Amino acid sequence: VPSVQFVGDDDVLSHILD
Amino acid sequence: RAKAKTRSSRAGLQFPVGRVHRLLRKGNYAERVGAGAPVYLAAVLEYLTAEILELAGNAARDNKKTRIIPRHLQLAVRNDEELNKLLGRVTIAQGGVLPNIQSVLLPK
Amino acid sequence: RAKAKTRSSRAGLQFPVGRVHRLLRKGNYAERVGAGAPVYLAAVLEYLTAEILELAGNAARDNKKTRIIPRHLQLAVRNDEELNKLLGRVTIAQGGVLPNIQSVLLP
Amino acid sequence: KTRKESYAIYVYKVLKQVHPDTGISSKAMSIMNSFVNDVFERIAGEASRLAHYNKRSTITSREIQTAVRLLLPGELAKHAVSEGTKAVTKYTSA
Amino acid sequence: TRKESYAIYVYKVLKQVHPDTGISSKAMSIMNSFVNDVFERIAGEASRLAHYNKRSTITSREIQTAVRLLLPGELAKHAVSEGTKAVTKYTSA
Amino acid sequence: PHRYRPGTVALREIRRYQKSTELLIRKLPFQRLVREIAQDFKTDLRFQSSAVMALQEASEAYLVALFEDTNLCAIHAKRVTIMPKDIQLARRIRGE
Amino acid sequence: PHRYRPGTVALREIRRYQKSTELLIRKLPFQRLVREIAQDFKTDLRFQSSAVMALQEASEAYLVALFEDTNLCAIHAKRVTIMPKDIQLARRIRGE
Amino acid sequence: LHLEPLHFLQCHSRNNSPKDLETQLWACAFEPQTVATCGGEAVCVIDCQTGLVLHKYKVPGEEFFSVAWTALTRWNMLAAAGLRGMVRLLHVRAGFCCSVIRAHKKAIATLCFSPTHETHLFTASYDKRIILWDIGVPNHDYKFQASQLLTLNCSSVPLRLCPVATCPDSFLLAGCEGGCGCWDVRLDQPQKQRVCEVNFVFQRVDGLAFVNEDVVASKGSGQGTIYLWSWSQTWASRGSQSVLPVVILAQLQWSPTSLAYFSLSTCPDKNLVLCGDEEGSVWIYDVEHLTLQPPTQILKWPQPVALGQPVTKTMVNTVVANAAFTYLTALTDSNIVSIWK
Amino acid sequence: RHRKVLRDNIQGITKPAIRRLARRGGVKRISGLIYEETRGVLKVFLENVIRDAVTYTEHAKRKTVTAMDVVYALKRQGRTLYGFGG
Amino acid sequence: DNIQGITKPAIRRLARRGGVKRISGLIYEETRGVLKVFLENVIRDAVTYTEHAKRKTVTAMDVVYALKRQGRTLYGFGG
DNA sequence: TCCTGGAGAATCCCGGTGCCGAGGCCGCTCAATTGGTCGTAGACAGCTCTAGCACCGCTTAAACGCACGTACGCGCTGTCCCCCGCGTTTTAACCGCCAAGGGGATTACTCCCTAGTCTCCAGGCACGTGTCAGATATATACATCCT
DNA sequence: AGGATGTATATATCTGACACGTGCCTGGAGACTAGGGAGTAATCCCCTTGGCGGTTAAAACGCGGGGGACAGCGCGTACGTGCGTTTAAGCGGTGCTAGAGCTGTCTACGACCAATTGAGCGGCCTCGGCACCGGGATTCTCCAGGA
């Protein structure tokens, strides 16, 4: 069973901007 | 036996010396409480009460009223420098604020 | 009789459970003091002392010194958000102040 | 209900002393009771701290007087001390 | 005469946290004052709670709630954990 | 029509509200806010009416005093309009 | 000859005195001041050395905190120099 | 149903703290193996296969409640909204938010689209309204000119919408706190404010979706039952009645909890009904072959390890799978996007 | 724990209400961002006070927050309140 | 006239520890008055405590108690 | 360019009417008073040993005063945008009313735990003493501020 | 980029303050008893909550515009920096004695208990001080138009 994987703001491949 | 005079009567006070003594003895302030402690504390509280009431009744008279509401107490406290210092971190319910507009904000 | 066991040892504490019990009793806090209140209080005080000393010793190391001094306690307290709130109205003797210059004063 | 205690009657007596022809609302009475309780707590705590600091086990009138001096501003402190001294002297007399 | 202080216990805690660190006289006095101040704060809050709830006894419950009221969040959490752990250990033994 | 110069009605409101004592925040919205905040600390909590009212009196007192300090700071800045920096300065000097 | 421009030595002294912890007021004048103030409250009074040291520590801490607040007020006023009105505003907001 | 756990992602942390779990995630949707998920202050676009979070959009203080994709003629736009009643349409592929619609003054419960003639967006908010928007075509500069087509008044707070399968642009069904209703969404009628046309009788309805073209799957709270009823037969049995008992086809046994806001979904190509429960399980019903009938399979909460410890207790709110049922997502109240293959 | 709590009751502290509070304090002109600043400050204040009040309520093993809870909390925060049973 | 013993450079150094870069010429008398008021309050409290103890000497503990009274708890001198 | 008159909106003042809470009275009960005993807290005396005050001399670091230049306080000017004021529409607070039950507040009981006490000893404080971490002094390399 | 000033560092010295040990003794721990506290169960009625329906005040939205925030500039002065002279603070050493600290006695004041009673509190009820309100007086604001 996979453990819970944390994905922080720096882990996102791209940020959506306004 | 003899008739009871009441300790407040002996001290010529209106606040309860016996009740204040009980409150000191049950407030866990010291293992022992002297006979003079309640008399002094009751006298002090009575004097402070007289001061606030005098100022508040003056305020009510200035406001053409015959009963003291919290506004009158607030005015009495905040217009007296020493009471304001004493009740510095105190907020009175339904008291409002003293009228005060800064000079710059008024029209030129 | 039986071999005496310190109340601190039973609670696994280094601070004096008995002395704390006496202070609570001889301090006019309540008519009675429970048998667990001293343990809880000693544990809390020991924890707070350990927490302050850890940061103070870190500050001492960061200055290449073996002994904690008031400056070190000041740095430890004022660089931790939570302790600084707890001792926010406390002045530590010989502690100095944290180095801080406002941006607009810089050239 | 269960008897609750308040300084309403005493505040009313003092009010009729200072201003005979005036009254007070329930909210003002609550504020005055709170004021009396607060000053009681302040002075009693100061007296207890004084007794502890001086390693004495009695709150005497001397402690209450020093607490009044410490807590209350100048002129209020002077008048309060005079009133308390007069009260204790009259009490001892009788 | 005997002037009681928390010096020995502070030294014990220091050797637990930093085994190779010493402490100066002024640092020791500051720590002693800190311990006494927190003692007074927690004890006073506990006394107030007992008086409010019409109780004549300061249980570990009053100390726990005093710690919660006084100390900030994470410090309060850790202090409550330490206190309850100490009480559990004391009761067990 | 009548178009009172800007600021006149502001001074009038200052006088009107410094004369009065009535609470200025509406009761039901504040009650709901109090319940929402209390939710995060405990669930299924009930509030005495007096408790909500005490919270509102204290909150309004605090906000009024804060605005007095903010106004003093704004006037210090040679201004008449209070801005977020004024509230921040007042709260910082207060120690909050 | 060489001459640092205004402000350079100011920053240098800021850094120097924030690095240190030694009392900045001279001890003898402060002791004289303390005794002079005390004599107005009770004549023929003696001071423990530690008492004057405690007074000086507290006074210096108070003044440094007040100067931090004063500097913040000056910055708020788009100024780099602290003036008496800055201290007055700081103290008024502090409740003094 | 030979389902295996593929990812457990924690990507909607508040304050970007890995320790945030209690925050609840509410909705997820597949782009027409890419899923958009929402909860807390962030909207996340996740690749269910690789587990990488492709895109994340944060708006302060918002608690997103619904996301939905739409294919526009050729951008697959993503709509998000939540606490503040503002519908935000995000061009995920391009990487920025195009426009914002200030649709409601109260929180927006959920959003939906349909194969309407074009670009329709029903928004159901707590002001007791469902507004139908025509977001229009984006100009050259990625700007939208939203129009209001119609306002539906509801007797209670709407929770989920499902356009009628056989006439998605004529009648709309919506689940509300007071029950389920049907609203006439035909554009040829002139009136712009319309009350519920028919209130159905089977209490709030916290889950609602069509299993096939004719069968509706619905549920409430505190009943332990999922109702299957025919749209065609009900509508034929309407007449002029405003209140109409539905023609029930079957009932499915579900957990007995009285807790609300547990939503269901379907995979019509596979004849599946999906609904998470308060224990974190996924109750699956193959109603093709179909007294309270049983679930075909219960996918228990596998208690994945978090911070070195198992997350033993949680709740799953939303479960969505692709048409081919190759990937199923279950959202929890624990800031965990459960992904199953 | 309740499941879907709408944390939007701070906006109930309306713009005119904040303006009235400002006017009682002697303010003449108010910037636009003052309203959000005030909302945040009020939220922080109420959070502190209500936390202390709920802590007293839990200690008393009670489920309703009495006015004395709030009075004690304010006294803790150095904000003594008169008129509710001081 | 012992308040003048608090020299201009002493106040300058105090300001420097406070992060102040430029100081006005009128700051000095204002600071002297502020310091005098603070000392008056603290020393009044300390001497009240000393009188209560029936002592003619002001101890560090009297000052500590006065400071704690005024909400300025001081560590490093007992208590 | 300024002032004055006039209208216009607002607020204050005043006489009439009504309503509900302040203010007084009644009955009861428990908290204060009185009378007495006992124990120890503290008031006072006597003694002693610190330490607080005074004084004096020498060194040298700090304060003081003056010069000088320039960085900044601030006064003025212009621009523009954003907050005020006011009309109109939308919304929901608020009042009154009814209804239900959750839980606070009280009462009776009973086991527990803690205060108080006697006894015994070891944990902690005072005192004494050795040595090494840090303050001091002098010399050399690195940073950087202004020309 | 260099000159100069400061800072940083590098080492030797020495030293006094930390930390360790030993002896003593007072506070803590063990064991025990006794009674008041507080937990717990039952009961009851108050107060919280929840809903509904209508009325109207308040919020909200928008529109026009003026005045206030804010940047740019110019000037004059007041404060930072440096240098040289003067002052007095700091250090040390000595001496004196005021009074803080401790001890012993003795006794007067305060805790405790029991009996008695009336002060204060809950409850109940009546009327007048204040909330409200409709009309007139005044004072306050703002703009047009003449002197």
# chains A, B, ... in the order shown; residues from 1 in each chain; ligands from 1
>>> closest_atom_pairs(of="chain C", to="chain B", cutoff="12 Å", atoms="only C-alpha atoms", output="tab-separated table")
residue	atom	partner	partner_atom	distance
C:25	CA	B:31	CA	11.0
C:26	CA	B:31	CA	9.3
C:27	CA	B:30	CA	8.4
C:28	CA	B:28	CA	5.3
C:29	CA	B:28	CA	6.4
C:30	CA	B:28	CA	6.4
C:31	CA	B:28	CA	7.6
C:32	CA	B:28	CA	11.0
>>> write_last_selection(atoms="N, CA, C and O atoms", output="PDB file, in the first residue's frame")
ATOM      1  N   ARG C  25       1.669  24.597  48.935  1.00  0.00           N
ATOM      2  CA  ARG C  25       0.979  24.579  50.218  1.00  0.00           C
ATOM      3  C   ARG C  25       1.251  25.851  51.010  1.00  0.00           C
ATOM      4  O   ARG C  25       0.334  26.441  51.588  1.00  0.00           O
ATOM      5  N   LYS C  26       2.506  26.285  51.056  1.00  0.00           N
ATOM      6  CA  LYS C  26       2.878  27.496  51.785  1.00  0.00           C
ATOM      7  C   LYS C  26       2.868  28.719  50.876  1.00  0.00           C
ATOM      8  O   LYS C  26       3.817  29.501  50.858  1.00  0.00           O
ATOM      9  N   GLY C  27       1.798  28.904  50.115  1.00  0.00           N
ATOM     10  CA  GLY C  27       1.737  30.023  49.199  1.00  0.00           C
ATOM     11  C   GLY C  27       0.359  30.623  49.051  1.00  0.00           C
ATOM     12  O   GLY C  27       0.174  31.583  48.300  1.00  0.00           O
ATOM     13  N   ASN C  28      -0.618  30.072  49.762  1.00  0.00           N
ATOM     14  CA  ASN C  28      -1.988  30.562  49.717  1.00  0.00           C
ATOM     15  C   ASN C  28      -2.522  30.551  48.285  1.00  0.00           C
ATOM     16  O   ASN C  28      -2.853  31.583  47.701  1.00  0.00           O
ATOM     17  N   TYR C  29      -2.578  29.349  47.719  1.00  0.00           N
ATOM     18  CA  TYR C  29      -3.208  29.118  46.429  1.00  0.00           C
ATOM     19  C   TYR C  29      -4.528  28.381  46.535  1.00  0.00           C
ATOM     20  O   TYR C  29      -5.420  28.618  45.721  1.00  0.00           O
ATOM     21  N   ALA C  30      -4.670  27.497  47.512  1.00  0.00           N
ATOM     22  CA  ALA C  30      -5.941  26.858  47.810  1.00  0.00           C
ATOM     23  C   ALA C  30      -5.796  26.153  49.147  1.00  0.00           C
ATOM     24  O   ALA C  30      -4.688  25.941  49.642  1.00  0.00           O
ATOM     25  N   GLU C  31      -6.938  25.788  49.726  1.00  0.00           N
ATOM     26  CA  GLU C  31      -6.916  25.127  51.023  1.00  0.00           C
ATOM     27  C   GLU C  31      -6.212  23.783  50.941  1.00  0.00           C
ATOM     28  O   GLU C  31      -5.509  23.385  51.876  1.00  0.00           O
ATOM     29  N   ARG C  32      -6.384  23.070  49.832  1.00  0.00           N
ATOM     30  CA  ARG C  32      -5.795  21.755  49.643  1.00  0.00           C
ATOM     31  C   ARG C  32      -5.048  21.714  48.319  1.00  0.00           C
ATOM     32  O   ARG C  32      -5.397  22.419  47.370  1.00  0.00           O
TER      33      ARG C  32
END
>>> residues_around(residues="residue 85 of chain I", least_positions_apart="5", cutoff="8 Å", atoms="only C-alpha atoms (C1' of nucleotides)", output="short mmCIF file (atom, residue, chain, number, x, y, z; two decimals) with C-alpha atoms, in the first residue's frame")
data_model
loop_
_atom_site.label_atom_id
_atom_site.label_comp_id
_atom_site.auth_asym_id
_atom_site.auth_seq_id
_atom_site.Cartn_x
_atom_site.Cartn_y
_atom_site.Cartn_z
CA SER D 30 -23.78 45.91 37.98
CA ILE D 31 -20.89 48.14 36.91
CA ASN D 33 -20.57 45.95 41.93
CA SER D 34 -17.90 44.93 39.42
CA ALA I 67 -20.70 35.51 30.53
CA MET I 68 -18.31 34.94 33.42
CA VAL I 71 -15.22 38.22 31.77
#
>>> atom_distance(atom1="atom CA of residue 50 of chain D", atom2="atom CA of residue 65 of chain E")
27.3 Å
>>> closest_atom_pairs(of="chain K", to="chain B", cutoff="8 Å", atoms="only C-alpha atoms (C1' of nucleotides)", output="tab-separated table")
residue	atom	partner	partner_atom	distance
K:32	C1'	B:18	CA	6.5
K:33	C1'	B:4	CA	6.1
K:34	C1'	B:4	CA	7.6
>>> write_last_selection(atoms="N, CA, C and O atoms (P, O5', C5', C4', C3', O3' and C1' of nucleotides)", output="compact mmCIF listing (two decimals), in the first residue's frame")
# COMPACT_ATOMS: atom_id res chain seq x y z
P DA K 32 -20.86 36.54 56.73
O5' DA K 32 -20.97 37.59 57.92
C5' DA K 32 -21.99 38.57 57.90
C4' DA K 32 -22.36 38.99 59.31
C3' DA K 32 -21.17 39.26 60.22
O3' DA K 32 -21.43 40.41 61.00
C1' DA K 32 -22.52 37.57 61.17
P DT K 33 -20.31 41.00 61.98
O5' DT K 33 -20.90 40.72 63.43
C5' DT K 33 -22.25 41.01 63.70
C4' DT K 33 -22.61 40.59 65.11
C3' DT K 33 -21.52 40.82 66.14
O3' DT K 33 -22.06 41.34 67.33
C1' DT K 33 -22.11 38.53 66.11
P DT K 34 -21.11 41.94 68.47
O5' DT K 34 -21.24 40.89 69.65
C5' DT K 34 -22.52 40.46 70.08
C4' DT K 34 -22.41 39.29 71.03
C3' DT K 34 -21.26 39.39 72.03
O3' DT K 34 -21.69 39.00 73.32
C1' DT K 34 -21.08 37.38 70.83
>>> residues_around(residues="residue 227 of chain H", least_positions_apart="6", cutoff="9 Å", atoms="only C-alpha atoms (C1' of nucleotides)", output="PyMOL selection string")
chain H and resi 202+216-219+248-252
>>> closest_atom_pairs(of="chain B", to="chain D", cutoff="8 Å", atoms="only C-alpha atoms", output="CSV")
residue,atom,partner,partner_atom,distance
B:7,CA,D:91,CA,7.8
B:10,CA,D:91,CA,5.2
B:11,CA,D:91,CA,4.4
B:12,CA,D:87,CA,6.9
B:13,CA,D:87,CA,7.5
B:14,CA,D:10,CA,6.0
B:15,CA,D:10,CA,5.5
B:16,CA,D:10,CA,7.8
B:24,CA,D:44,CA,7.2
B:29,CA,D:48,CA,5.0
B:30,CA,D:57,CA,5.8
B:31,CA,D:57,CA,5.6
B:32,CA,D:58,CA,4.5
B:33,CA,D:59,CA,4.9
B:34,CA,D:60,CA,4.9
B:35,CA,D:60,CA,7.5
B:36,CA,D:61,CA,5.2
B:37,CA,D:61,CA,4.4
B:38,CA,D:61,CA,7.9
B:39,CA,D:88,CA,6.1
B:40,CA,D:84,CA,4.5
B:41,CA,D:64,CA,6.6
B:43,CA,D:84,CA,5.2
B:44,CA,D:80,CA,5.2
B:45,CA,D:36,CA,6.4
B:46,CA,D:14,CA,7.4
B:47,CA,D:80,CA,6.5
B:48,CA,D:80,CA,7.6
B:49,CA,D:11,CA,7.0
B:50,CA,D:14,CA,6.2
B:53,CA,D:15,CA,6.2
B:54,CA,D:18,CA,6.0
B:57,CA,D:19,CA,6.9
B:66,CA,D:22,CA,5.2
B:67,CA,D:23,CA,4.4
B:68,CA,D:24,CA,4.5
B:69,CA,D:28,CA,5.3
B:70,CA,D:28,CA,5.1
B:73,CA,D:28,CA,7.5
B:82,CA,D:73,CA,5.8
B:85,CA,D:73,CA,7.2
B:86,CA,D:72,CA,6.4
B:92,CA,D:31,CA,7.1
B:93,CA,D:31,CA,7.7
>>> interface_residues(of="chain I", to="chain D", cutoff="9 Å", atoms="only C-alpha atoms", output="number ranges by chain")
I: 80-86
>>> closest_residue(among="L:83, L:73, L:47, L:61", to="residue 66 of chain K", atoms="only C-alpha atoms (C1' of nucleotides)")
L:83
>>> closest_atom_pairs(of="chain J", to="chain K", cutoff="10 Å", atoms="only C-alpha atoms (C1' of nucleotides)", output="tab-separated table")
residue	atom	partner	partner_atom	distance
J:7	CA	K:63	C1'	7.8
J:8	CA	K:63	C1'	8.7
J:9	CA	K:63	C1'	7.8
J:10	CA	K:63	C1'	9.9
J:57	CA	K:52	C1'	9.3
>>> interface_residues(of="chain J", to="chain E", cutoff="6 Å", atoms="only C-alpha atoms", output="mmCIF file with N, CA, C and O atoms, in the first residue's frame")
data_model
loop_
_atom_site.group_PDB
_atom_site.id
_atom_site.type_symbol
_atom_site.label_atom_id
_atom_site.label_comp_id
_atom_site.auth_asym_id
_atom_site.auth_seq_id
_atom_site.Cartn_x
_atom_site.Cartn_y
_atom_site.Cartn_z
ATOM 1 N N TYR J 75 14.551 40.053 35.420
ATOM 2 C CA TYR J 75 15.282 38.861 35.813
ATOM 3 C C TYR J 75 16.746 39.208 36.034
ATOM 4 O O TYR J 75 17.263 40.182 35.484
ATOM 5 N N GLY J 76 17.410 38.405 36.853
ATOM 6 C CA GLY J 76 18.817 38.588 37.124
ATOM 7 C C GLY J 76 19.143 39.272 38.428
ATOM 8 O O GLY J 76 20.306 39.629 38.639
ATOM 9 N N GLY J 79 14.234 36.698 43.067
ATOM 10 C CA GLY J 79 12.791 36.597 42.937
ATOM 11 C C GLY J 79 12.292 35.451 42.080
ATOM 12 O O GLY J 79 11.119 35.083 42.146
#
>>> residues_around(residues="segment 90-99 of chain C", least_positions_apart="6", cutoff="9 Å", atoms="only C-alpha atoms (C1' of nucleotides)", output="PyMOL selection string")
(chain C and resi 69-75+78-79) or (chain E and resi 26+30) or (chain G and resi 14-15+17-23+54+57-58+61-62+64) or (chain J and resi 17-19+68+71-77)
>>> write_last_selection(atoms="N, CA, C and O atoms", output="compact mmCIF listing (two decimals), in the first residue's frame")
# COMPACT_ATOMS: atom_id res chain seq x y z
N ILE C 69 25.47 32.72 29.05
CA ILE C 69 25.47 34.03 29.70
C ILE C 69 24.17 34.72 29.35
O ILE C 69 23.44 34.29 28.45
N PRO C 70 23.84 35.81 30.05
CA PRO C 70 22.54 36.46 29.82
C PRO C 70 22.29 36.84 28.37
O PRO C 70 21.14 36.77 27.91
N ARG C 71 23.32 37.25 27.63
CA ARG C 71 23.14 37.53 26.21
C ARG C 71 22.58 36.31 25.49
O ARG C 71 21.72 36.44 24.61
N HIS C 72 23.05 35.12 25.86
CA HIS C 72 22.60 33.91 25.19
C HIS C 72 21.14 33.61 25.50
O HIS C 72 20.38 33.22 24.60
N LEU C 73 20.72 33.80 26.75
CA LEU C 73 19.31 33.63 27.08
C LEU C 73 18.46 34.64 26.33
O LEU C 73 17.38 34.31 25.84
N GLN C 74 18.93 35.88 26.23
CA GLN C 74 18.20 36.89 25.47
C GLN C 74 18.02 36.46 24.02
O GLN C 74 16.91 36.54 23.47
N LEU C 75 19.09 36.01 23.38
CA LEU C 75 18.99 35.59 21.99
C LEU C 75 18.02 34.42 21.84
O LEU C 75 17.15 34.42 20.96
N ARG C 78 14.34 35.73 22.36
CA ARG C 78 13.80 36.64 21.36
C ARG C 78 13.83 36.08 19.95
O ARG C 78 13.18 36.65 19.07
N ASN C 79 14.56 34.99 19.70
CA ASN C 79 14.53 34.36 18.39
C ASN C 79 13.49 33.25 18.28
O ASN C 79 13.27 32.74 17.18
N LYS E 26 25.16 34.77 36.51
CA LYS E 26 24.04 35.61 36.11
C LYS E 26 23.02 34.82 35.31
O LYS E 26 21.81 35.01 35.47
N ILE E 30 19.10 34.36 36.32
CA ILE E 30 18.00 34.60 35.38
C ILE E 30 17.12 33.37 35.27
O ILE E 30 15.89 33.47 35.24
N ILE G 14 25.17 51.81 15.54
CA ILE G 14 24.00 50.96 15.72
C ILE G 14 24.44 49.51 15.83
O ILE G 14 24.06 48.79 16.77
N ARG G 15 25.26 49.05 14.88
CA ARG G 15 25.72 47.67 14.92
C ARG G 15 26.52 47.40 16.18
O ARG G 15 26.31 46.38 16.86
N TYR G 17 26.51 48.83 19.19
CA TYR G 17 25.76 48.82 20.44
C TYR G 17 24.64 47.80 20.46
O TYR G 17 24.17 47.46 21.55
N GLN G 18 24.21 47.30 19.31
CA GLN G 18 23.32 46.15 19.31
C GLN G 18 24.08 44.85 19.49
O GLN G 18 23.47 43.85 19.90
N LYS G 19 25.38 44.84 19.21
CA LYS G 19 26.18 43.65 19.48
C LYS G 19 26.47 43.48 20.96
O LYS G 19 26.63 42.35 21.43
N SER G 20 26.55 44.57 21.71
CA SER G 20 26.99 44.53 23.09
C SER G 20 25.79 44.47 24.04
O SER G 20 24.63 44.55 23.63
N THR G 21 26.10 44.33 25.32
CA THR G 21 25.10 44.29 26.37
C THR G 21 25.44 45.21 27.54
O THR G 21 24.66 45.29 28.49
N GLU G 22 26.58 45.89 27.49
CA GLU G 22 27.02 46.73 28.59
C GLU G 22 26.12 47.95 28.75
O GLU G 22 25.59 48.49 27.77
N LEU G 23 25.95 48.37 29.99
CA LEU G 23 25.12 49.53 30.29
C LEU G 23 25.70 50.78 29.65
O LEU G 23 26.89 51.06 29.78
N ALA G 54 19.75 47.35 39.33
CA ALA G 54 18.45 46.96 38.81
C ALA G 54 17.74 48.15 38.20
O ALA G 54 17.14 48.05 37.11
N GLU G 57 19.42 48.90 34.81
CA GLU G 57 19.03 47.92 33.80
C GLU G 57 17.62 48.19 33.30
O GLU G 57 17.38 48.25 32.08
N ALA G 58 16.68 48.38 34.22
CA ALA G 58 15.30 48.62 33.82
C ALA G 58 15.17 49.92 33.03
O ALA G 58 14.46 49.96 32.02
N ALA G 61 16.61 49.46 29.50
CA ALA G 61 15.72 48.63 28.68
C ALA G 61 14.51 49.44 28.24
O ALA G 61 14.10 49.39 27.08
N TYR G 62 13.92 50.19 29.17
CA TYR G 62 12.76 51.01 28.85
C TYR G 62 13.09 52.03 27.77
O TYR G 62 12.34 52.20 26.81
N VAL G 64 15.50 51.97 25.53
CA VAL G 64 15.78 51.34 24.24
C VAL G 64 14.49 50.92 23.55
O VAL G 64 14.32 51.11 22.34
N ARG J 17 21.36 51.79 20.20
CA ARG J 17 20.93 50.43 20.50
C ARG J 17 19.49 50.20 20.07
O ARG J 17 19.09 49.05 19.83
N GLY J 18 18.70 51.26 19.98
CA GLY J 18 17.34 51.18 19.50
C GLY J 18 17.20 51.26 18.00
O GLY J 18 16.08 51.25 17.49
N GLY J 19 18.30 51.35 17.27
CA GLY J 19 18.26 51.40 15.82
C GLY J 19 18.10 52.77 15.23
O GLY J 19 17.83 52.88 14.03
N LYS J 68 7.82 44.60 38.75
CA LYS J 68 6.76 43.64 38.48
C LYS J 68 5.39 44.27 38.67
O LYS J 68 4.46 44.01 37.90
N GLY J 71 4.38 45.97 35.66
CA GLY J 71 4.44 45.14 34.48
C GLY J 71 5.75 45.22 33.74
O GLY J 71 5.76 45.27 32.50
N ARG J 72 6.87 45.23 34.46
CA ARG J 72 8.20 45.28 33.87
C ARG J 72 9.11 44.27 34.56
O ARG J 72 10.22 44.59 34.98
N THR J 73 8.62 43.04 34.69
CA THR J 73 9.37 42.00 35.37
C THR J 73 10.83 42.02 34.94
O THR J 73 11.14 42.11 33.75
N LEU J 74 11.72 41.96 35.93
CA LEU J 74 13.16 42.01 35.70
C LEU J 74 13.79 40.75 36.26
O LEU J 74 13.60 40.42 37.43
N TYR J 75 14.55 40.05 35.42
CA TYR J 75 15.28 38.86 35.81
C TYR J 75 16.75 39.21 36.03
O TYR J 75 17.26 40.18 35.48
N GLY J 76 17.41 38.41 36.85
CA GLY J 76 18.82 38.59 37.12
C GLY J 76 19.14 39.27 38.43
O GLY J 76 20.31 39.63 38.64
N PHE J 77 18.16 39.48 39.30
CA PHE J 77 18.42 40.10 40.60
C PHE J 77 17.66 39.42 41.73
O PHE J 77 17.49 40.03 42.79
>>> closest_residue(among="H:54, H:105, H:23, H:220", to="chain L", atoms="only C-alpha atoms (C1' of nucleotides)")
H:105
>>> closest_atom_pairs(of="chain E", to="chain D", cutoff="12 Å", atoms="only C-alpha atoms", output="CSV")
residue,atom,partner,partner_atom,distance
E:40,CA,D:49,CA,11.3
E:44,CA,D:45,CA,10.6
E:48,CA,D:41,CA,11.3
>>> interface_residues(of="chain J", to="chain G", cutoff="6 Å", atoms="only C-alpha atoms", output="compact mmCIF listing (two decimals) with C-alpha atoms, in the first residue's frame")
# COMPACT_ATOMS: atom_id res chain seq x y z
CA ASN J 2 21.70 65.55 38.32
CA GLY J 5 24.35 63.74 34.32
CA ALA J 10 24.50 58.52 26.73
CA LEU J 14 20.69 54.40 23.95
CA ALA J 15 19.08 55.51 20.69
CA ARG J 16 21.73 53.66 18.68
CA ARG J 17 20.93 50.43 20.50
CA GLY J 18 17.34 51.18 19.50
CA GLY J 19 18.26 51.40 15.82
CA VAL J 20 18.04 55.19 15.54
CA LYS J 21 20.25 56.71 12.84
CA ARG J 22 19.55 60.45 13.12
CA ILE J 23 18.59 62.27 16.33
CA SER J 24 17.03 65.71 16.71
CA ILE J 27 15.27 64.71 21.76
CA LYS J 56 15.97 52.47 55.68
CA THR J 57 17.72 50.67 52.80
CA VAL J 58 16.29 50.06 49.34
CA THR J 59 17.06 46.49 48.29
CA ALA J 60 17.22 45.04 44.80
>>> select_by_dssp(residues="chain G", states="alpha helix (DSSP H)", output="number ranges by chain")
G: 8-19, 27-39, 49-76, 84-94
>>> select_by_dssp(residues="segment 8-98 of chain B", states="strand (DSSP E or B)", output="PyMOL selection string")
chain B and resi 32-33+67-68+90-92
>>> interface_residues(of="chain L", to="chain B", cutoff="12 Å", atoms="only C-alpha atoms (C1' of nucleotides)", output="ChimeraX atom specification")
/L:109-111,115-120,128-130,141
>>> closest_atom_pairs(of="chain K", to="chain G", cutoff="8 Å", atoms="only C-alpha atoms (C1' of nucleotides)", output="tab-separated table")
residue	atom	partner	partner_atom	distance
K:52	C1'	G:48	CA	7.1
K:71	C1'	G:6	CA	7.5
K:73	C1'	G:79	CA	8.0
K:145	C1'	G:4	CA	6.9
K:146	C1'	G:4	CA	6.7
>>> atom_distance(atom1="atom CA of residue 45 of chain E", atom2="atom CA of residue 84 of chain E")
18.1 Å
